[PDB]
Amino acid sequence: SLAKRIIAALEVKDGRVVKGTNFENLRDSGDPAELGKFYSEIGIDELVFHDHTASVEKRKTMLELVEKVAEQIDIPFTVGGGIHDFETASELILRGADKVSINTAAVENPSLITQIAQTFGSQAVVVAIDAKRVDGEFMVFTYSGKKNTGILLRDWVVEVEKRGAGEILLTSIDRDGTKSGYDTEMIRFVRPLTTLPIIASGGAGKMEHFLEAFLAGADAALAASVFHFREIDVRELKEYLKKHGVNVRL
Ligand SMILES: [Zn+2]
């Protein structure tokens, strides 16, 4: 069966992890680079950083983050949060990120996907798609879930692959922040529409949710607070998944 990845998401601001972690062993539980290194050592496959720094310092702050993280880890990492053009994405990849996440800017200018891919390869471009049910249809939302674009998820997935994206980070707004489970109906809906790797995001609460997401056709599963606050142990999770037939890296 197909190889599956466990991904930790770190929300960051001003070079700090927002709300930190429960990991007492670390010198500084809010240092993104230290936390990243720790996650790679306990068995996380990749990292996603999402930045919320204020506009005047944002560009420099995200570049510093990327350089510091790149020195501490050899596993892939993605950076995102307000990447609106090619030059911003380029500077971040050159400074050390393996991949960039784009969402609002991709919907507003789908050629941005192609532009980044032309220089850095499709594998450098993660399109984050936030979606929610509206009147029985899956719709795409932008601006941190504030705007219903009126674009069907079905149509956007196909366009994203056509434009040259390498991966889709699929967040169910219906589940994000809850610990109720991944939106497996949404994952199953997207799976036949694309050949791209799908990162399931939103709703992780317990180890069984990961199994469910992988059965639904996710290639990777992303989570944040379940790991940060140690509700789920990463090694225990991989051992659980392997036991039940999922091809994870031990
Ligand atoms: Zn964020």
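By the method listed in its record, X-ray crystallography, this PDB entry was determined to a resolution of 1.8000 Å.

Looking at the PDB entry, one finds the chain named Imidazole glycerol phosphate synthase subunit HisF, with Thermotoga maritima as its source organism. Listed in UniProt under the heading Function, the comment for the chain reads: "IGPS catalyzes the conversion of PRFAR and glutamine to IGP, AICAR and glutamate. The HisF subunit catalyzes the cyclization activity that produces IGP and AICAR from PRFAR using the ammonia provided by the HisH subunit." Here is the UniProt Sequence similarities comment for the chain, exactly as written: "Belongs to the HisA/HisF family."

(A) Up close: the coordination of the zinc ion. Surrounding the zinc ion are the protein donor atoms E11 (OE), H50 (ND1) and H52 (NE2), which sit 1.9 to 2.1 Å from the metal. For the zinc ion, all donor residues lie on one chain, and their spacing in sequence is E-x38-H-x1-H. Highlighted residues: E11 in strand 1 (residues 3-13) and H50 in strand 3 (residues 46-51), separated in sequence by 39 residues.

(B) Examining the layout of surface pockets more closely. Here the largest pocket defines a volume of roughly 1,200 Å³. Along its surface, the largest pocket is lined by 46 residues, and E11, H50, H52, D130 and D176 are the ones closest to its centre. Of the pockets and cavities examined, the second largest pocket occupies roughly 160 Å³. If you trace the second largest pocket, you find it lined by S55, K58, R59, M62, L63, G82, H84, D85, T88, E91 and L92. When contributions to the lining of the second largest pocket are tallied by element, the ones reaching two or more residues are helix 2 (55-72) and helix 3 (86-95). Of the residues in the lining of the second largest pocket, the class split is 3 nonpolar, 4 polar and 4 charged.

(C) Main features of the side chain of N103. Within the secondary structure, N103 sits in the loop between strand 5 (99-102) and helix 4 (104-108). For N103, a relative accessible area of 17% gives the class buried. For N103, the side chain forms a polar contact with the side chain of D130, separated by 3.3 Å. Among all residues touching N103, those that are not within four sequence positions of it are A128, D130, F141 and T142.

(D) Spatial organisation of the pairing of strand 3. Burial within strand 3 is extensive, with 5 of its 6 residues counted as buried. Direction of pairing for strand 1 relative to strand 3: parallel, over a ladder of 6 bridges. When the sheet's bridge partners are listed, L10 is paired in strand 3 with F49. Bridge analysis of strand 3 against strand 4 (residues 77-80) gives 4 bridges, and the strand direction is parallel. Note on strand 4: the bridge partner recorded for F49 is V79.

Calculation notes
- Residues numbered from 1 in each chain as written, not as in the entry; some residues may be left out.
- Heavy atoms only, no water.
- UniProt positions renumbered as here; feature names shortened; annotations may be inferred.
- Donors = N, O, S within 2.8 Å, 3.2 Å for Na, K, Ca; no water.
- Helix = DSSP H or I, 4+ residues; strand = E, 2+ residues; numbered from the N terminus.
- 1 Å grid on protein atoms, 1.4 Å probe; cavity = no way out; pocket = protein on both sides within 12 Å on 5 of 7 lines; lining within 4 Å.
- Points joined across faces, edges and corners; volume = space filled by probe spheres on them.
- Nonpolar A, V, L, I, M, F, W, Y, C, P; charged D, E, K, R; others polar.
- Buried < 20%, exposed > 50% of the residue type's maximum accessible area, 1.4 Å probe, protein only.
- Polar contact = N/O pair within 3.5 Å; in protein donor to acceptor, adjacent residues only side chain to side chain.
- Contact = heavy atoms within 4.5 Å.
- Pairing = 2+ DSSP bridges.

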